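Novice: Structure provided below as structure tokens; questions to follow.
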Amino acid sequence: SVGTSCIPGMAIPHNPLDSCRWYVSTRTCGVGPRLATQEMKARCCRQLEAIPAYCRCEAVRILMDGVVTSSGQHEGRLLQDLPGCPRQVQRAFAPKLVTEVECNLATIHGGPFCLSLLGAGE
């Protein structure tokens, strides 16, 4: 249609950065499945590069606002108030992802940052 670049189910599947979601639950309220932290964070970096800089940061948005599928099903939008972790904490840790605080690995901008650029300078 317009800006539909980057394939979804292939390269950028539905429910992206799932290990990052549970990683917020543990790093914030010490809650989450029984695993290690450096291991979860490592999984986020594998999903960070697997997701090419093209449409990269977009997925994070798909998690907050949620995405729709061609079949008519919805996914993501799981960022909710967990027992001891309100949407507020997930929103504070949410950013600083593509920056040197999570899995930056450089973006399309060839620098530590994405979106929120000059403000629609196209």
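Ligands are numbered from 1 in the order shown, chains are lettered A, B, ... in the order of the structure tokens, and residues start at 1 in each chain.
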Write out as a PyMOL selection string the residues lying within 6 Å of region 39-56 of chain A, counting only C-alpha atoms and excluding same-chain residues fewer than 4 positions away.
Specialist: chain A and resi 12+19-20+103+107-108
Novice: Just list as a ChimeraX atom specification whatever in region 2-119 of chain A DSSP marks as strand (DSSP E or B).
Specialist: /A:67-68,74-75,82,85
Novice: Considering only C-alpha atoms, state which residue in the set A:27, A:68, A:78, A:32 is at the smallest distance from residue 8 (chain A).
Specialist: A:68
Novice: Using only C-alpha atoms, pick whichever of A:2, A:119, A:17, A:102 has the shortest atom-to-atom distance to residue 38 (chain A).
Specialist: A:102
Novice: As a ChimeraX atom specification, please: every residue in chain A that DSSP puts in alpha helix (DSSP H).
Specialist: /A:18-29,37-50,58-64,87-93
